[PDB]
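Below is one structure; the comments refer to it alone.
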Number of protein chains: 4
Amino acid sequence: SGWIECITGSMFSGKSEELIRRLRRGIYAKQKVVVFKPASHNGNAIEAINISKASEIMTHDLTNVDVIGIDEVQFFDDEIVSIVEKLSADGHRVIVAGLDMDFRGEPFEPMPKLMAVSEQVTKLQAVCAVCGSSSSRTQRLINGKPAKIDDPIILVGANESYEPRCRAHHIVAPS
Amino acid sequence: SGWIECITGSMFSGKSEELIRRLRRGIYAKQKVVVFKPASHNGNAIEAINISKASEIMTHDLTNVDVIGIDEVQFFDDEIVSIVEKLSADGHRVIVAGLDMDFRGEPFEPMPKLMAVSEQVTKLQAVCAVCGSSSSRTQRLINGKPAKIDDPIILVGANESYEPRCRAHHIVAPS
Amino acid sequence: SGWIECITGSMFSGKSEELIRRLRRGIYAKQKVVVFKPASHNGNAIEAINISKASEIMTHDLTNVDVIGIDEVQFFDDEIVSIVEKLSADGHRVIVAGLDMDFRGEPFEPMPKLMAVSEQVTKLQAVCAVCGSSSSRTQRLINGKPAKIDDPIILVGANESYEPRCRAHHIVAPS
Amino acid sequence: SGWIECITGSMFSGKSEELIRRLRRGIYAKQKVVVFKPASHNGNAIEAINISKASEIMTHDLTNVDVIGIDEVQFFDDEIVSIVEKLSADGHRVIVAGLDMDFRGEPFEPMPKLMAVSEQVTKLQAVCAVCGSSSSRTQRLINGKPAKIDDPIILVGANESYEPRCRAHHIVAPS
Ligand SMILES: [Zn+2]
Ligand SMILES: [Zn+2]
Ligand SMILES: [Zn+2]
Ligand SMILES: [Zn+2]
């Protein structure tokens with residue numbers, strides 16, 4: 001039967017690299033492997049498919065596919081949850097990777113529900129760019145200073161950066 | 001600084017035992033440790049506190065407490081999330097344990113949000129009572145047969161049982 | 001088929017508690033479970049067997065046993081390795097728990113070989129009794145002071161204690 | 001202070017990829033990172049150093065290096081163990097990756113001792129090329145058939161291959 005593996009953590013934790021590592025094990029086992037993302041060994045290669053909408057997944061013929069990866073799952077909405085549940089019901093090994101929290105430390109839909117329903121959950125940590133300890137947050141900086149709680153995701157002409165930080169060095173500025 | 005560790009999995013996965021194991025490490029380190037639950041080494045013992053409401057946690061003086069456990073967190077509502085966030089902000093190591101899903105395979109509030117915000121997440125599996133493989137679900141049986149999707153949690157006079165099952169042997173009957 | 005799971009770590013890491021947790025999953029799956037150590041749910045209970053010698057394991061009829069635990073494996077010599085390999089070959093789930101290192105930080109036979117050959121390996125950490133960080137060592141103290149590199153395991157009339165410590169607070173005194 | 005992380009598993013388990021993933025977290029934290037192997041982000045890149053002998057490690061000036069990777073550690077002998085112990089004593093985060101067992105299922109020196117002494121140990125599994133279950137072994141095939149227990153590592157003109165297999169599909173032929 002099928003199952004779901006969930007890979008999560010902050011922006012700099014290497015989630016996507018870990019997803020690919022797991023998928024490449026499929027290749028060496030002579031399995032057919034695909035990875036969906038927001039838009040090789042002895043002849044066997046990961047088939048990568050760029051998508052704009054979660055619903056696109058079901059338009060592909062996956063009957064002969066053993067392992068299905070889905071990267072950056074926070075890009076999609078709650079629809080991806082039932083898709084993943086159906087795929088694993090159908091007998092596929094499904095591996096999903098995405099952010100646990102945004103820059104504000106707010107949970108990123110739909111990872112919470114995916115973590116709750118998945119057979120396996122791995123939360124990867126990064127390393128704090130301030131102190132070098134294990135980190136769990138992503139610090140957004142705008143013009144050198146911590147982003148404010150109500151700063152929009154998209155800006156025009158702003159100097160901005162992201163870095164991994166531990167809880168102790170993560171700052172969300174007041175609105 | 002503080003952090004949150006999340007222990008989750010099905011009813012028969014040993015979540016509570018794992019919570020206690022982690023807390024007892026605190027004891028051997030000569031830390032002060034408490035565990036809250038829904039209602040010892042060289043003199044140092046886990047202080048267990050039975051509570052009916054999440055809000056009770058904040059009525060206790062925890063200033064000198066190093067490690068705070070909270071068991072069966074699915075008993076509480078979303079209020080427990082900000083409490084846990086505050087406690088870890090305050091510098092405590094907070095360890096929460098609770099169910100990931102109910103008998104229907106539906107996510108059990110508030111574990112999804114807690115998993116999303118926690119530094120560490122461990123999903124424990126049990127062993128399937130049918131086939132002996134790793135299990136992730138809890139099968140509810142009423143009068144020998146799989147519970148229906150819309151069966152109430154409380155019954156009068158029903159023969160009922162729970163057992164660990166893998167996805168392949170977990171059955172939710174139609175309504 | 002069978003496999004071997006290895007649980008290791010320092011004296012105060014809760015290895016034995018973790019072993020029991022895993023074994024109790026067997027019970028809830030209605031499996032027959034035994035645990036060997038150096039010398040219950042719905043009728044199904046862990047059968048505990050106290051032994052002086054590794055060779056005793058093979059004198060017991062284990063044909064109907066699903067899960068075999070062996071605690072404190074550092075008590076036994078290298079003979080336990082082939083026994084464990086045979087048991088897992090025979091189709092048993094074998095779970096072994098024991099110390100990784102002694103008070104000197106020296107590897108404790110036969111755990112290194114067992115870790116190398118096992119399908120799964122879990123190294124548990126404790127909490128440092130000095131600083132509260134994750135610990136990997138056991139500090140032996142004799143008359144208040146770090147034990148010396150060539151201090152014997154057995155003493156007469158000595159004041160001695162053990163506590164968990166991180167590498168940074170673990171001290172082995174010169175001979 | 002420093003510590004040692006050990007990454008192990010069979011030939012097709014992705015050990016080297018996991019090593020690189022961990023090292024790249026160092027980069028994003030603005031740490032100085034090097035990787036030794038048997039013979040980039042915002043200006044910061046992993047410095048890779050090809051070596052023939054473990055003793056070469058100590059001829060490099062590592063005083064300003066935060067994280068030290070060592071890949072394919074089974075290439076080196078027991079000398080690498082004290083080198084790694086010294087480096088971690090010196091305050092470095094040391095990450096070692098290497099094979100747990102050879103094609104015969106025999107422990108590969110010096111990984112057993114490294115696993116015993118390290119703070120963290122991760123054994124990665126691959127996927128069985130026969131049955132698709134989790135695998136822990138590497139099957140060596142010579143002229144289509146399982147390699148014999150006493151077949152040499154080096155051959156002239158032999159058709160040979162390696163594939164990941166579970167214990168149940170791993171075969172070592174009699175001598
Ligand atoms: Zn920090
Ligand atoms: Zn089953
Ligand atoms: Zn310490
Ligand atoms: Zn197989």
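Each chain in the structure tokens gets a letter, A, B, ..., in the order shown, and its residues are numbered from 1; ligands are numbered from 1 in order too.
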As an mmCIF file with N, CA, C and O atoms, in the first residue's frame, please: every protein or nucleic acid residue near ligand 2 (cut-off 10 Å, counting only C-alpha atoms and all ligand atoms).
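Wrote part.cif, looks like this:
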data_model
loop_
_atom_site.group_PDB
_atom_site.id
_atom_site.type_symbol
_atom_site.label_atom_id
_atom_site.label_comp_id
_atom_site.auth_asym_id
_atom_site.auth_seq_id
_atom_site.Cartn_x
_atom_site.Cartn_y
_atom_site.Cartn_z
ATOM 1 N N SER A 1 0.845 -1.242 0.000
ATOM 2 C CA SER A 1 0.000 0.000 0.000
ATOM 3 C C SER A 1 0.864 1.270 0.000
ATOM 4 O O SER A 1 2.096 1.188 0.064
ATOM 5 N N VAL B 127 2.331 -0.716 16.048
ATOM 6 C CA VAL B 127 2.407 -1.907 15.210
ATOM 7 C C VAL B 127 0.985 -2.367 14.880
ATOM 8 O O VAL B 127 0.155 -2.470 15.782
ATOM 9 N N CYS B 128 0.705 -2.624 13.603
ATOM 10 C CA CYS B 128 -0.630 -3.055 13.165
ATOM 11 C C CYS B 128 -1.052 -4.392 13.790
ATOM 12 O O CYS B 128 -0.325 -5.387 13.708
ATOM 13 N N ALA B 129 -2.217 -4.400 14.432
ATOM 14 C CA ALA B 129 -2.729 -5.589 15.093
ATOM 15 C C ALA B 129 -3.200 -6.655 14.087
ATOM 16 O O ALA B 129 -3.385 -7.806 14.459
ATOM 17 N N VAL B 130 -3.370 -6.268 12.823
ATOM 18 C CA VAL B 130 -3.728 -7.213 11.755
ATOM 19 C C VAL B 130 -2.483 -7.887 11.169
ATOM 20 O O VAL B 130 -2.394 -9.119 11.155
ATOM 21 N N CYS B 131 -1.513 -7.090 10.718
ATOM 22 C CA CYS B 131 -0.436 -7.602 9.870
ATOM 23 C C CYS B 131 0.964 -7.458 10.458
ATOM 24 O O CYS B 131 1.945 -7.942 9.878
ATOM 25 N N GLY B 132 1.070 -6.749 11.578
ATOM 26 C CA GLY B 132 2.362 -6.558 12.212
ATOM 27 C C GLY B 132 3.296 -5.534 11.581
ATOM 28 O O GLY B 132 4.433 -5.410 12.020
ATOM 29 N N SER B 133 2.852 -4.812 10.552
ATOM 30 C CA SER B 133 3.672 -3.741 9.992
ATOM 31 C C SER B 133 3.502 -2.461 10.818
ATOM 32 O O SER B 133 2.655 -2.402 11.722
ATOM 33 N N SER B 134 4.330 -1.453 10.538
ATOM 34 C CA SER B 134 4.230 -0.173 11.242
ATOM 35 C C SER B 134 2.837 0.391 11.000
ATOM 36 O O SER B 134 2.330 0.290 9.897
ATOM 37 N N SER B 135 2.207 0.940 12.036
ATOM 38 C CA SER B 135 0.860 1.475 11.891
ATOM 39 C C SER B 135 0.810 2.972 12.186
ATOM 40 O O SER B 135 1.604 3.477 12.964
ATOM 41 N N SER B 136 -0.154 3.667 11.592
ATOM 42 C CA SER B 136 -0.304 5.105 11.811
ATOM 43 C C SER B 136 -1.721 5.497 12.192
ATOM 44 O O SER B 136 -1.976 6.673 12.422
ATOM 45 N N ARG B 137 -2.640 4.529 12.235
ATOM 46 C CA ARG B 137 -4.058 4.792 12.481
ATOM 47 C C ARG B 137 -4.561 4.044 13.721
ATOM 48 O O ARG B 137 -3.938 3.071 14.170
ATOM 49 N N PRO B 164 -4.469 -0.621 17.079
ATOM 50 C CA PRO B 164 -3.615 0.054 16.101
ATOM 51 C C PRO B 164 -3.730 -0.666 14.755
ATOM 52 O O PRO B 164 -3.758 -1.894 14.720
ATOM 53 N N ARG B 165 -3.854 0.087 13.668
ATOM 54 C CA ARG B 165 -3.818 -0.492 12.327
ATOM 55 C C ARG B 165 -3.056 0.397 11.350
ATOM 56 O O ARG B 165 -3.073 1.626 11.479
ATOM 57 N N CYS B 166 -2.402 -0.239 10.375
ATOM 58 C CA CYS B 166 -1.843 0.464 9.233
ATOM 59 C C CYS B 166 -2.983 0.998 8.354
ATOM 60 O O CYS B 166 -4.135 0.570 8.486
ATOM 61 N N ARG B 167 -2.644 1.950 7.483
ATOM 62 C CA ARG B 167 -3.567 2.550 6.524
ATOM 63 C C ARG B 167 -4.316 1.477 5.724
ATOM 64 O O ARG B 167 -5.531 1.580 5.522
ATOM 65 N N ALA B 168 -3.589 0.438 5.309
ATOM 66 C CA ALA B 168 -4.147 -0.680 4.534
ATOM 67 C C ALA B 168 -5.167 -1.523 5.277
ATOM 68 O O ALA B 168 -5.938 -2.241 4.648
ATOM 69 N N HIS B 169 -5.161 -1.485 6.605
ATOM 70 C CA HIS B 169 -6.148 -2.259 7.357
ATOM 71 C C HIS B 169 -7.078 -1.391 8.178
ATOM 72 O O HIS B 169 -7.909 -1.890 8.927
ATOM 73 N N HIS B 170 -6.938 -0.082 8.024
ATOM 74 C CA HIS B 170 -7.832 0.849 8.685
ATOM 75 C C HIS B 170 -9.068 1.073 7.806
ATOM 76 O O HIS B 170 -8.939 1.372 6.625
ATOM 77 N N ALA C 29 -0.225 -4.969 19.555
ATOM 78 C CA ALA C 29 -0.454 -5.600 18.250
ATOM 79 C C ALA C 29 -0.757 -7.087 18.380
ATOM 80 O O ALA C 29 -0.842 -7.786 17.370
#
**OP:** Using only C-alpha atoms, find which residues of chain D lie within 12 Å of chain A and jot them down as a ChimeraX atom specification.
**Re:** /D:1-2,10-32,41-42,66-67,92-93,124-135,138-139,161-166
Residues of the last selection are to be written out with C-alpha atoms, as a PDB file, in the first residue's frame.
ATOM      1  CA  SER D   1      32.266  23.400  22.183  1.00  0.00           C
ATOM      2  CA  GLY D   2      32.517  20.860  19.322  1.00  0.00           C
ATOM      3  CA  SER D  10      24.584   1.276   2.562  1.00  0.00           C
ATOM      4  CA  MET D  11      26.114   2.256  -0.729  1.00  0.00           C
ATOM      5  CA  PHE D  12      22.887   3.588  -2.274  1.00  0.00           C
ATOM      6  CA  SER D  13      21.479   5.389   0.804  1.00  0.00           C
ATOM      7  CA  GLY D  14      22.536   8.941  -0.152  1.00  0.00           C
ATOM      8  CA  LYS D  15      25.062   9.404   2.712  1.00  0.00           C
ATOM      9  CA  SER D  16      27.196  11.841   0.706  1.00  0.00           C
ATOM     10  CA  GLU D  17      24.187  13.884  -0.344  1.00  0.00           C
ATOM     11  CA  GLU D  18      23.082  14.109   3.300  1.00  0.00           C
ATOM     12  CA  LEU D  19      26.610  15.184   4.325  1.00  0.00           C
ATOM     13  CA  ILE D  20      26.528  18.015   1.740  1.00  0.00           C
ATOM     14  CA  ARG D  21      23.025  19.045   2.871  1.00  0.00           C
ATOM     15  CA  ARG D  22      24.276  19.485   6.441  1.00  0.00           C
ATOM     16  CA  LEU D  23      27.397  21.356   5.322  1.00  0.00           C
ATOM     17  CA  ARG D  24      25.355  23.793   3.212  1.00  0.00           C
ATOM     18  CA  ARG D  25      23.398  24.797   6.357  1.00  0.00           C
ATOM     19  CA  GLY D  26      26.812  26.057   7.637  1.00  0.00           C
ATOM     20  CA  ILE D  27      27.135  28.213   4.512  1.00  0.00           C
ATOM     21  CA  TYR D  28      23.744  29.868   4.975  1.00  0.00           C
ATOM     22  CA  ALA D  29      24.752  30.635   8.579  1.00  0.00           C
ATOM     23  CA  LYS D  30      27.863  32.436   7.259  1.00  0.00           C
ATOM     24  CA  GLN D  31      30.146  29.771   8.745  1.00  0.00           C
ATOM     25  CA  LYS D  32      33.410  28.588   7.237  1.00  0.00           C
ATOM     26  CA  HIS D  41      25.986  31.367  -1.173  1.00  0.00           C
ATOM     27  CA  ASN D  42      26.774  35.111  -1.102  1.00  0.00           C
ATOM     28  CA  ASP D  66      33.593  26.102  11.902  1.00  0.00           C
ATOM     29  CA  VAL D  67      32.367  22.877  10.275  1.00  0.00           C
ATOM     30  CA  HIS D  92      34.751  22.047  15.555  1.00  0.00           C
ATOM     31  CA  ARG D  93      31.475  20.581  14.432  1.00  0.00           C
ATOM     32  CA  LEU D 124      20.130   6.047   6.275  1.00  0.00           C
ATOM     33  CA  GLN D 125      18.417   3.247   4.393  1.00  0.00           C
ATOM     34  CA  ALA D 126      17.953   2.824   0.663  1.00  0.00           C
ATOM     35  CA  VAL D 127      15.140   1.096  -1.252  1.00  0.00           C
ATOM     36  CA  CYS D 128      15.425  -2.606  -2.220  1.00  0.00           C
ATOM     37  CA  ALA D 129      15.845  -3.031  -5.987  1.00  0.00           C
ATOM     38  CA  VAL D 130      14.011  -6.402  -5.751  1.00  0.00           C
ATOM     39  CA  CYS D 131      10.923  -5.653  -3.642  1.00  0.00           C
ATOM     40  CA  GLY D 132      10.841  -1.910  -3.011  1.00  0.00           C
ATOM     41  CA  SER D 133      10.980  -2.173   0.796  1.00  0.00           C
ATOM     42  CA  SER D 134      13.518  -0.283   2.937  1.00  0.00           C
ATOM     43  CA  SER D 135      16.981  -1.767   2.389  1.00  0.00           C
ATOM     44  CA  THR D 138      24.470  -3.734  -0.798  1.00  0.00           C
ATOM     45  CA  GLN D 139      24.273  -6.739  -3.116  1.00  0.00           C
ATOM     46  CA  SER D 161      27.302  -4.603 -10.374  1.00  0.00           C
ATOM     47  CA  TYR D 162      25.978  -3.357  -7.067  1.00  0.00           C
ATOM     48  CA  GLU D 163      22.384  -2.761  -6.052  1.00  0.00           C
ATOM     49  CA  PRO D 164      20.563  -1.921  -2.799  1.00  0.00           C
ATOM     50  CA  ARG D 165      18.769  -4.895  -1.212  1.00  0.00           C
ATOM     51  CA  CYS D 166      16.896  -5.670   1.995  1.00  0.00           C
TER      52      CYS D 166
END
**OP:** Would you please work out which residue, of C:56, C:100, C:70, C:44, is nearest to residue 115 of chain C when using only C-alpha atoms?
**Re:**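 That would be C:100, the residue with the smallest distance to residue 115 of chain C.
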**OP:** To one decimal in Å, tell me the separation between atom CA of residue 7 of chain D and atom CA of residue 97 of chain D.
**Re:**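 Straight-line distance from atom CA of residue 7 of chain D to atom CA of residue 97 of chain D works out to 4.5 Å.
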Subject >> Spatial neighbours of residue 3 of chain C, 9 Å, only C-alpha atoms, chain gap at least 4 places, as a ChimeraX atom specification >> reply: /C:85,87-89,91-95,118-120 /D:167
**OP:** Mind the document's chain letters and residue numbers, and return as an MDAnalysis selection string the residues of segment 43-160 of chain B that DSSP labels helix (DSSP H, G or I).
**Re:** chainID B and resid 54:59 73:75 79:89 111:117
Original post:
What's the 8 Å shell around residue 34 of chain A, counting only C-alpha atoms, without same-chain residues fewer than 6 positions away, as a PyMOL selection string?
Top reply: chain A and resi 46-49+65+67-69
Requested write-out: C-alpha atoms of the selected residues, as an mmCIF file, in the first residue's frame:
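To be explicit, this is the file written out as part32.cif:
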data_model
loop_
_atom_site.group_PDB
_atom_site.id
_atom_site.type_symbol
_atom_site.label_atom_id
_atom_site.label_comp_id
_atom_site.auth_asym_id
_atom_site.auth_seq_id
_atom_site.Cartn_x
_atom_site.Cartn_y
_atom_site.Cartn_z
ATOM 1 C CA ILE A 46 13.359 11.590 -11.900
ATOM 2 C CA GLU A 47 10.670 13.130 -14.117
ATOM 3 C CA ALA A 48 10.217 16.752 -12.983
ATOM 4 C CA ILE A 49 6.856 18.450 -13.715
ATOM 5 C CA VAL A 65 4.498 5.822 -11.009
ATOM 6 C CA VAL A 67 7.083 7.532 -5.933
ATOM 7 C CA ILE A 68 5.572 11.025 -6.213
ATOM 8 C CA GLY A 69 7.385 14.053 -4.823
#
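Within 10 Å of residue 117 of chain C there are residues 3, 4, 5, 6, 81, 84, 85, 111 and 112 of chain C; 9, 100, 101, 105, 106, 107, 108, 112, 136 and 137 of chain D, counting only C-alpha atoms and ignoring same-chain residues fewer than 5 positions away.
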Subject >> strand (DSSP E or B) residues, from DSSP on the backbone, in segment 53-175 of chain A, as an MDAnalysis selection string >> reply: chainID A and resid 67:70 93:99 101 107 120:124 126:127 134:135 137:142 145:146 148 160:165 173
Subject >> Neighbour list for residue 55 of chain C as a ChimeraX atom specification, cut-off 9 Å, only C-alpha atoms, skip fewer than 2 positions in-chain >> reply: /C:51-53,57-59,79-80,83
Subject >> d(atom CA of residue 77 of chain B, atom CA of residue 121 of chain B) in Å >> reply: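 Taking atom CA of residue 77 of chain B as the start and atom CA of residue 121 of chain B as the end point, the length is 19.2 Å.
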Original post:
Do you know which residues are at most 8 Å from segment 147-153 of chain C counting only C-alpha atoms, after dropping those on the same chain fewer than 4 positions away, and could you put them as a ChimeraX atom specification?
Top reply: /C:104,139-142,171-175
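Here atom CA of residue 38 of chain D and atom CA of residue 103 of chain D stand 19.9 Å from one another.
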